K.L.:
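The structure's right below; bear with me while I get my questions together.
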Protein chains: 2
Amino acid sequence: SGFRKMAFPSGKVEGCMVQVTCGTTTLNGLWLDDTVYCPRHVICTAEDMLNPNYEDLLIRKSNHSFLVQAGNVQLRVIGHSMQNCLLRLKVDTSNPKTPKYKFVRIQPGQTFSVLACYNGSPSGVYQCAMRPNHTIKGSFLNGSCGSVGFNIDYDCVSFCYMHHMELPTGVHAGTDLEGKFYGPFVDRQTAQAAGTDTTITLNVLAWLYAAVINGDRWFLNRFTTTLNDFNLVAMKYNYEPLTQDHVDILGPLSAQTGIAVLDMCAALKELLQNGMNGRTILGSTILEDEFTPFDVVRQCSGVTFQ
Amino acid sequence: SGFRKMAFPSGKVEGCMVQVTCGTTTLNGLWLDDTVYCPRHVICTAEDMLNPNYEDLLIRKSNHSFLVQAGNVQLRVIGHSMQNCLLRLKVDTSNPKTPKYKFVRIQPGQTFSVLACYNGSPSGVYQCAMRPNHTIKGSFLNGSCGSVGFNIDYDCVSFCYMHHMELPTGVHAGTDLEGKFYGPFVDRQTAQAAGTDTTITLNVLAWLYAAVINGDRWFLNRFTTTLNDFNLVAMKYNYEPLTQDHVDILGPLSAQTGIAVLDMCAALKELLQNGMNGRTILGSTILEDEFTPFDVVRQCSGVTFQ
Ligand SMILES: CNC(=O)c1cc(Br)cc([N+](=O)[O-])c1N[C@@H]1CCCC[C@@H]1NC(=O)c1cncc2ccccc12
Ligand SMILES: CNC(=O)c1cc(Br)cc([N+](=O)[O-])c1N[C@@H]1CCCC[C@@H]1NC(=O)c1cncc2ccccc12
């Protein structure tokens, strides 16, 4: 029993974190095979950042403008290229600890583990959800750029996030491992801000199924609802609209609990309209939306506490 | 910015998890140097558990009654002993991935990272606090016994918890790495239950200091309080009594924010009496008590957002 925000074991990623220095700036890089990936703003000064032209800044650098430190060892750069908002540094040594890996672009609402690193040294690990406004509510200080987000399936690491910046409201933005930003953000110092956010409806429903799997049914009711009638309530409370694709995704959790998806939507509607009456669900006084259906199946028992 | 329940990177511990089999039971073990540690109830059957005599059960086993699997490799047991509620198995191979480590017994209210493992394979990582009633609110299924809790200081792993059981309310109990249980629990199937719990006052205060460090002061007031007047309110709301030792511990966080400890206690008293008025603190609608002062200093900036 129990239900926690649970990250993937981070060991496979720890053996890939390095330090990258360009001039006076140091940040983290990701060392896979003979390549080190890091944010391209490592080549910028404080003044460059206000209006950088990265093509023009990078042509002025050589291979020996970059220092890569893997633990105690210096790695020699033998090539460099830019891929969107990432710098790719070729190094003289293949990482012996390179795991089986993939680069994936995750979708809003999906979750991943974050390995916070400073000066190439892993510092902490926690679980994050990609918000609908393409930010994450991470925990990051200066020096955290280059930190990565990942999922692990069996022995294969799926890297999906590299950290680049913190926005004025304190939330965080970055790229996939092809250097394409999540969201409309850019790596320059401008007045950009995160857009308005919304609650991840699919995740709230998955989490309510987790509560039933783990033995709690107090929030259910005798009612059902249509997609359209639920989405009218969802609009009022700033929830994402429920789609038929989301209904189909909840199929297995609906089958394990015997609660039809639209019946659980009637439960959620009632929770939104009446509140929770000073009760808790899986220890929470609010509706959690940072667990996907996959996270619930990963963590919960396959047998419901009936 | 940001503030998350953050675990230590788990890689150093992952390289120490093995599988231990005795008869039909399989659970996790901790492999350090030439020794594997695991719960002694691995030698019990379902019937033994109702009333086991572990001295009598263990004398009936040989070295080859135990199978240890480290990844793909079988480790040969060459010795076995019991230390309190743990089995110690000597094996023919020293773990090459053994980190610098220590065994510590943590105190109630302190936190640690948990590496959940099944069949000797790490599954997930999350952060837990030792409750005052000597349980932890973990996330564990059958097969999780032998999973360990740890902290990491620099490159030294301080193991403090090994998982043994889940209690009727769904919370978890276990031992230190000398096999002594936290709390009054025993490794046999009886009617034992977790005692009544209480809120960790020192941690709530540390977390309020984190909120101020990160830029939020809405919950402060112009009042101060004495230790005794606070503890009268603490008794009413099921908070641990505040001691002078706890006041001394908060010294550095008080210095960084310029908020005297007894002034922050006046703030907390007002929060307990008036509620939070539909506001949040560091994203939470409730008062968090699973962050120690050490956790706050570890994660927060050393400069306050004034
Ligand atoms: C704070 N401000 C921005 O982060 C920022 C804002 C904008 Br608008 C654009 C960029 N940009 O184009 O890179 C930004 N990144 C900074 C500029 C140069 C590259 C790295 C810089 N950021 C960090 O070091 C950083 C990351 N995470 C959490 C932090 C917490 C405290 C202090 C710093 C950080
Ligand atoms: C459930 N019941 C107890 O866990 C239990 C209760 C008491 Br009272 C005493 C013991 N005791 O003396 O060991 C217990 N451990 C069981 C007995 C043999 C040793 C391992 C057993 N437990 C687990 O496998 C287990 C651990 N964590 C979370 C779980 C979630 C679901 C199912 C199982 C677990």
Side-chain angles (χ1 to χ4, degrees), chain A residues 1-2 25-28 38-52 54 85 114 116 118 135-136 138-147 162-175 181 185-194 214-215 300-303 305, chain B residues 1-2 25-28 38-52 54 85 114 116 118 135-136 138-147 162-175 181 185-194 214-215 300-303 305:
Chain A
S1 194
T25 303
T26 182
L27 48 59
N28 306 284
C38 75
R40 61 177 185 173
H41 57 55
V42 65
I43 66 172
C44 297
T45 68
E47 222 189 89
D48 291 327
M49 287 303 310
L50 289 157
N51 189 215
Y54 286 93
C85 295
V114 171
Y118 299 86
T135 67
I136 65 176
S139 191
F140 282 132
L141 302 175
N142 185 262
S144 53
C145 295
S147 301
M162 177 160 275
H163 184 51
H164 284 244
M165 69 181 56
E166 178 177 294
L167 295 162
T169 56
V171 300
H172 304 108
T175 63
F181 261 93
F185 312 112
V186 294
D187 49 357
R188 63 177 287 203
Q189 182 59 61
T190 61
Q192 43 186 339
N214 283 14
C300 281
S301 170
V303 179
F305 187 17
Chain B
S1 194
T25 303
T26 182
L27 48 59
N28 306 284
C38 75
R40 61 177 185 173
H41 57 55
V42 65
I43 66 172
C44 297
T45 68
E47 222 189 89
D48 291 327
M49 287 303 310
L50 289 157
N51 189 215
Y54 286 93
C85 295
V114 171
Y118 299 86
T135 67
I136 65 176
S139 191
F140 282 132
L141 302 175
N142 185 262
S144 53
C145 295
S147 301
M162 177 160 275
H163 184 51
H164 284 244
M165 69 181 56
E166 178 177 294
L167 295 162
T169 56
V171 300
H172 304 108
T175 63
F181 261 93
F185 312 112
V186 294
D187 49 357
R188 63 177 287 203
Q189 182 59 61
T190 61
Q192 43 186 339
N214 283 14
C300 281
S301 170
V303 179
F305 187 17

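Just so it is clear: chains get the letters A, B, ... in the order the sequence lines come, proteins before strands, and each one is counted from 1. The analysis underlying the following values was restricted to heavy atoms, covering all of them including side chains, and did not include hydrogens, waters or symmetry mates. Order of appearance sets the numbers: ligands from 1, and atoms from 1 within every ligand.
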K.L.:
Suppose I only count heavy atoms of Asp187(A) and a 4.0 Å limit; which atoms of ligand 1 are within that range?
P.N.:
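What qualifies from ligand 1 is 12 (O).
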K.L.:
Answer with side chain, backbone, both or neither: which part of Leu167(A) has a heavy atom less than 4.0 angstrom from an atom of ligand 1?
P.N.:
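Neither part.
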K.L.:
Do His172(A) and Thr135(A) have side-chain atoms, one donor and one acceptor, less than 3.5 Å apart?
P.N.:
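Distance-only check fails for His172(A) and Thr135(A).
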K.L.:
What atoms of ligand 1 come closer than 4.0 angstrom to any heavy atom of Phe140(A)?
P.N.:
27 (N), 28 (C), 29 (C), 30 (C)
K.L.:
Looking at ligand 2, does any of its N/O atoms fall within less than 3.5 Å of an N/O of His172(B)?
P.N.:
no
K.L.:
Any atoms of ligand 2 less than 4.0 Å from a non-hydrogen atom of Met49(B)? List them with their elements.
P.N.:
11 (N), 12 (O), 13 (O)
K.L.:
Flag the pair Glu166(A) / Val171(A) as yes when at least one side-chain heavy-atom distance between them is below 4.5 Å, and no otherwise.
P.N.:
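They are not in side-chain contact.
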K.L.:
Output, in order, the C-alpha distance, side-chain angles, deciding distance and verdict of side-chain contact (heavy atoms from CB on, under 4.5 Å) for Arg40(A) and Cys85(A).
P.N.:
CA-CA 6 Å; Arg40(A) 61 177 185 173; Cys85(A) 295; 3.7 Å; yes
K.L.:
Any idea which atoms of ligand 1 are less than 4.0 Å away from a heavy-atom of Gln192(A)?
P.N.:
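Atoms satisfying the 4.0 Å criterion: 8 (Br).
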K.L.:
Should you measure from each heavy atom of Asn142(A), which atoms of ligand 1 turn up under 4.0 Å away?
P.N.:
23 (C), 24 (O), 29 (C), 30 (C), 31 (C), 32 (C), 33 (C), 34 (C)
K.L.:
Starting from atom 14 (C) of ligand 2, which protein heavy atom do you reach first, and at what distance in Å?
P.N.:
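Going by distance alone, atom 14 (C) of ligand 2 is nearest to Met165(B) CB, 3.4 Å.
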K.L.:
Verify, without hydrogens or angle tests, whether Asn28(B) (side chain) and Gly143(B) (backbone) share a donor-acceptor contact under 3.5 angstrom.
P.N.:
yes
K.L.:
Between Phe181(A) and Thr175(A), is a side-chain contact (heavy atoms from CB on, under 4.5 Å) present by the stated rule, with each step listed?
P.N.:
CA-CA 4 Å; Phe181(A) 261 93; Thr175(A) 63; 3.5 Å; yes
K.L.:
Any idea which protein heavy atom is nearest atom 29 (C) of ligand 1, and the distance to it?
P.N.:
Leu141(A) C, 3.6 Å
K.L.:
Pick, from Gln189(B), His41(B), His163(B), the option with the minimum heavy-atom distance to atom 13 (O) of ligand 2.
P.N.:
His41(B)
K.L.:
What protein heavy atom sits nearest atom 4 (O) of ligand 2, and how far away is it?
P.N.:
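I find the closest protein heavy atom is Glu166(B) N, 3.0 Å.
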K.L.:
Would you confirm whether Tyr118(B), through its side chain, and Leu141(B), through its main-chain N or O, come within 3.5 Å as a donor-acceptor pair?
P.N.:
yes
K.L.:
Got the closest protein heavy atom to atom 12 (O) of ligand 2, with its distance?
P.N.:
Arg188(B) N, 2.9 Å
K.L.:
Can you list the residues that meet the side chain to side chain contact (heavy atoms under 4.5 Å, CB included) rule with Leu50(A), with sequence neighbours excluded?
P.N.:
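Scan of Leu50(A) (side chain to side chain contact (heavy atoms under 4.5 Å, CB included), adjacent residues dropped) gives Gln189(A).
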K.L.:
Is atom 9 (C) of ligand 1 less than 4.0 angstrom from some protein heavy atom?
P.N.:
yes
K.L.:
Return the set of residues passing side chain to side chain donor-acceptor pair (under 3.5 Å) with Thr25(B) (not counting sequence neighbours), or none when no residue passes.
P.N.:
none
K.L.:
Quick one: look up the protein heavy atom nearest atom 20 (C) of ligand 2 and list residue, atom name and how far away it is.
P.N.:
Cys145(B) SG, 3.5 Å
K.L.:
Less than 4.5 Å apart, side chain to side chain, heavy atoms only: is that true for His41(B) and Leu27(B)?
P.N.:
yes
K.L.:
Can you check atom 16 (C) of ligand 2: any protein non-hydrogen atom closer than 4.0 Å?
P.N.:
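No; the ligand atom in question lacks any protein heavy-atom contact below 4.0 Å.
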K.L.:
Quick one, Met165(B) and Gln192(B) - any side-chain contact, counting heavy atoms below 4.5 Å?
P.N.:
yes
